[PDB]
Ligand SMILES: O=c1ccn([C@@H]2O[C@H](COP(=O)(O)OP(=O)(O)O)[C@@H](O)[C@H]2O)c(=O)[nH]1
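What follows is a single chain, given as structure tokens, in the form deposited without ligand UDP.
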């Protein structure tokens, strides 16, 4: 089926009372008086489509003759795709698109649009017109560079960004300093200033990484252990995953040392890992960031280096680069027991152009961010609605079937997204750094592991083509998507549903109202539903409810029906066809041990995953 027929299927399906609360609440634009300029998702779609279409002004392939015709084609498709809720860019695009523009222009009927109207749009985008979620910022080993970094954190937070850094350059606590009477405070201690800044720069989340071999890593691992309340913390592995696993298997020892200090220590890697596991078992921090693995697949490595992730870990970014993200609701592509690949391919092509066009209309806070982002044009196209898509197809999440489906779906998306970047690199010019990148200076470079799909050969084929024409250094990610999947009424990201039923009280002049997963309602006797429904919200799962068919219980699994390894292996299935990283919570039961956590980390080291986040139920 054609994307246009799928669009009609969906375009008039209105957001739920749920979604609408969130939209009114955070997304519908308001005038300076606090009054609504938007009162309907349709207004947001019009405004965002119009703004992103405007980047077509810069297309070197359009004669000025055509610009208005072709821009207005793009606003139309972008508009229809967004209103159908088939693809949603991420939150900042929806908040900040059109800020600075005359209000009479953002919602004008598209047939009343002049070229002058579009150029005026392009020119009146103010400094709040920031449309990326997150950035990476370096923090060098000097007072100057540390506090220049703190300033950049504050400046990025002001305009709504999240930020991450690797703090490993900072010389260990106690260390000699040539230019002071003080001993260096060390990374953990300075991170408090970073956390202070953010406690006072408000919006209406950070990533702090330290490397496994830093003299202060033990202090770091226990850092948030009663602050650093605004930090997520991860332990960085800049070396090969293979090498860490081998050291571990041998019960070996790691040398903790820093280039600009004489402080060193030897620790057993098993003991270090247990200390990480114990803390994660307790509080969920710190995660693991396999920076080596990210750099293994980084087209620009070692000209550029990936030292940190963004707060959610799903993009490894080099210094000053930005998260540029949006998501397709694959649950809307279910058609009679199959994924409509024809309609999905069109959307991929449109989505990659959409996200690539956000770069052109995006106002960044620092000049160095503009530069990093113009030079690589890294995109983050992902998916949401996959948990719900699986329910529809009657595939259990915790099954090899689901993982094979996942890898093929991802590989299909990868292929077309990367083909589209060829197309666009041809039509608009390549990303500035294509020449020094591995797509050029190398034979057979693929920016991910593959090896779980029949699309592999066609992908290597496209990767070869992109030696000549490539708009984007990387195209794919899987983000958490909490808010935009709520707007789209779908499951978040690649994550299983956390609950099938939960009670959400709508405050009035209070009065509880029940949600049951919509795909379940569609596939269970409302008969059976009415009785069990009460016990379901009590027990959180379908597992142990007596009179519910076997194969409703098998398919309608939630997060905690699914064991830690089944979580981890879904992550690996997607990671194999994603050129950035993956946001995946490895959920563990309350009854999980520290050893069970260790076993997840060991398996992580053998799979293709680029990071780990564990959350133990009840911790």
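Residue numbers count along the first chain shown, from 1. Between two forms, the rigid core is the largest collection of C-alphas that superpose within 1.5 Å.
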(message) So, in 8 other deposited structures of this protein, taking the root mean square over structures and residues of the Cα distances after a rigid core fit: is 457-465 or 318-326 the more displaced stretch?
(response) 318-326
(message) For a rigid core alignment of each structure in 8 other deposited structures of this protein onto the shown form, which stretch has the higher root mean square Cα deviation: 129-137 or 438-446?
(response) 129-137
(request) Output yes if residue 511 is unmodelled in at least a third of the other compared entries of this protein, no if it is modelled in all of them. (result) yes
(request) Decide, for the other PDB entries of this protein that were compared, whether residue 179 is missing from at least a third of their models. (result) no
(message) Between residue 226 and residue 227, what class does the number of missing deposited residues fall in: none, 1 to 3, 4 to 9, or 10 or more?
(response) 4 to 9
(message) I want to verify a possible break: how many residues of the deposited sequence sit between residue 111 and residue 112 without any coordinates (none, 1 to 3, 4 to 9, 10 or more)?
(response) none
(request) Mind pulling up the entry and telling me whether 395-403 or 522-530 has the higher mean Cα temperature factor? (result) 522-530
(message) Comparing average C-alpha B factors as deposited, tell me which of 290-298 and 362-370 sits higher.
(response) 362-370
(request) Identify, among 216, 535, 495, 145, the residue whose C-alpha carries the highest B-factor in the deposited PDB entry. (result) 535
(request) Between 38, 561, 572, 566, let me know which has the highest C-alpha B-factor in the entry? (result) 38
(request) Just say lowest, middle or highest third for the CA B-factor of residue 594 relative to the other modelled residues in its chain. (result) lowest
(message) Ranking every modelled residue in this chain by its Cα temperature factor as given in the entry, which third contains residue 71?
(response) highest
(request) Would you check the entry's CA temperature factor for residue 278 and let me know if it's in the chain's lowest, middle or highest third? (result) lowest
(request) Would you mind ranking residue 268 by its C-alpha B-factor against the rest of the chain and naming the third, lowest, middle or highest? (result) middle
(message) Quick check for you: using the entry's CA B-factors within this chain, is residue 54 in the lowest, middle or highest third?
(response) middle
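Note that the form deposited with ligand UDP bound isn't included here; everything after this is about it.
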(request) Look at the stretches 475-483, 74-82, 408-416, 249-257 and give the one with heavy atoms within 4.5 Å of ligand UDP in the deposited bound form. (result) 475-483
(message) Check residue 41 for me: does it contact ligand UDP in the deposited bound form (non-hydrogen atoms, 4.5 angstroms)?
(response) no
(message) Using a 4.5 angstroms cut-off on non-hydrogen atoms, would residue 381 count as touching ligand UDP in the deposited bound form?
(response) no
(message) Although the partner isn't part of this model, could you tell me whether residue 517 comes within 4.5 Å of ligand UDP in the deposited bound form, counting any heavy atom of the residue?
(response) no
(message) Whether residue 314 contacts ligand UDP in the deposited bound form should be assessed with a 4.5 Å heavy atom distance threshold; does it?
(response) yes
(message) Counting only non-hydrogen atoms and a 4.5 Å threshold, tell me whether 133, 203 and 325 all contact ligand UDP in the deposited bound form.
(response) yes
(message) Please identify the residue among 396, 292, 215, 162 with any heavy atom within 4.5 Å of ligand UDP in the deposited bound form.
(response) 162
(request) Could you work out which of 90, 279, 430, 211 is the residue within 4.5 angstroms of ligand UDP in the deposited bound form, going by heavy atoms? (result) 90
